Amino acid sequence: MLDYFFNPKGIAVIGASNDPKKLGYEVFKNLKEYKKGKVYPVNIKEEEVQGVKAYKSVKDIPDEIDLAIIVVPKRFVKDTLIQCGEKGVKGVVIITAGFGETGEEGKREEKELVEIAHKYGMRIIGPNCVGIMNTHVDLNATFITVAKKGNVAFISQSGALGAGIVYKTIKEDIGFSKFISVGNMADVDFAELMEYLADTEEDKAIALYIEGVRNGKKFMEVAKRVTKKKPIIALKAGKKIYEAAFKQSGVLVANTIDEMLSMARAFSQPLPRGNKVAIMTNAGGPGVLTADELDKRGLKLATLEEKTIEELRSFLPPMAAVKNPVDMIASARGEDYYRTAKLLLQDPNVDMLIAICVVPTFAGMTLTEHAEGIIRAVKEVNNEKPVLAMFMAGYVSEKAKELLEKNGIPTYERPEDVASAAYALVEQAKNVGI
């Protein structure tokens, strides 16, 4: 329905300037990288933006524009919008503020903007927003730094928090498939966006930061139906009607930014059947905290097969715990992670595997050895069981994490985080049936 926003043919950036102080600049700079479609800048008093000829108006571009990014002064917004409708623009992202967020006067002008859009069948994003992203095709209709590639579709009403989180995720080596700053959310709301995402491929899940929805009703209707295809994690600021309601619709509820992100990242793995989890770790402490976290999430530990318990016993250190949680001694090597993962992934009583590793820097072991063990094991068994990882830590575990993430395994650095993902995985699963 809105594929012209994320997969636009020809896009127009109304207000592109070569001034380092005006948003018009950056926004165009970032679209200087979208090759999947043609982009044209628009500036009233400049026939060259930043290495490319500029058009006086949106109605002069010799080619066709289905996407318009309005990023000029507020007073020119109304007219600008009218120009787009006339050129046959399909979707418009208004970056400019000074409307509904300022009061009734602003809201009225705002309402007038929508009414104009509707006449041309156009749809508006914003206004007073940061824009939209689509990492899949290098599409970054925003004035901030692009987020890394990813399979999570993030939507939030808070532009400031929206950038802070992109900044967060980047450094945390985790991205988004598409980014959406709705701003005042005058037209295209959560609902319509939710339905569009559902049938998309690159959007494995939907993370939302909500301050207040418009159609408290229509929203759930759309959520209850979308959860059947792909999960929705929502973070609600301000302070149960939303909560319980969210629950019944099948949307996962997050209480912190990290919960929203953790839970949403986990859908890079296949869905689980039961909540019987198997913990493998080279460190007791980390295992204890995790199990404890999983136990706060309502999950449980799988009871291994005697044959399983006896196998681990033969190659692991005598003091190693090979029962409920499998504690490999700190001496566990790549081979040890590989076998243990393989053996636990094969145990019919195990639904989910959580691989915990404090990356050792002694005894000749490499920084990626343990991750590699896991990855190889996942490849060999080659079934469809969710594998989640938690490598500590800091710079020491980054290479391990980067390797794991690259091989589709969501790896976390906090006990509470991997647990949240696990929780989110079991919950979603039973929203689909199994």
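When you see a residue number, it is the position in the sequence shown, counting from 1.
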{"property": "Size class of the missing deposited segment between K239 and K240", "result": "10 or more"}
{"property": "162 to 170 or 208 to 216, whichever carries the higher mean Cα B-factor", "result": "208 to 216"}
{"property": "Which of 355 to 363 and 292 to 300 has higher mean CA B factor, as the PDB entry lists it", "result": "292 to 300"}
{"property": "Which of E372, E398, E405, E46 ranks first by CA B-factor in the deposited coordinates", "result": "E46"}
{"property": "Peak C-alpha temperature factor (PDB record), options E101, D138, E110, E335", "result": "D138"}
{"property": "Position of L388 among the chain's modelled residues by C-alpha B-factor, lowest, middle or highest third", "result": "lowest"}
{"property": "Assigned third (lowest, middle, highest) for the C-alpha B factor of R339", "result": "lowest"}
{"property": "Chain-wide C-alpha B factor ranking for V426, given as lowest, middle or highest third", "result": "middle"}
{"property": "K323 - which third its CA temperature factor falls in, relative to the rest of the chain", "result": "middle"}
{"property": "Chain third (lowest, middle, highest) by recorded CA B-factor, residue given as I94", "result": "lowest"}
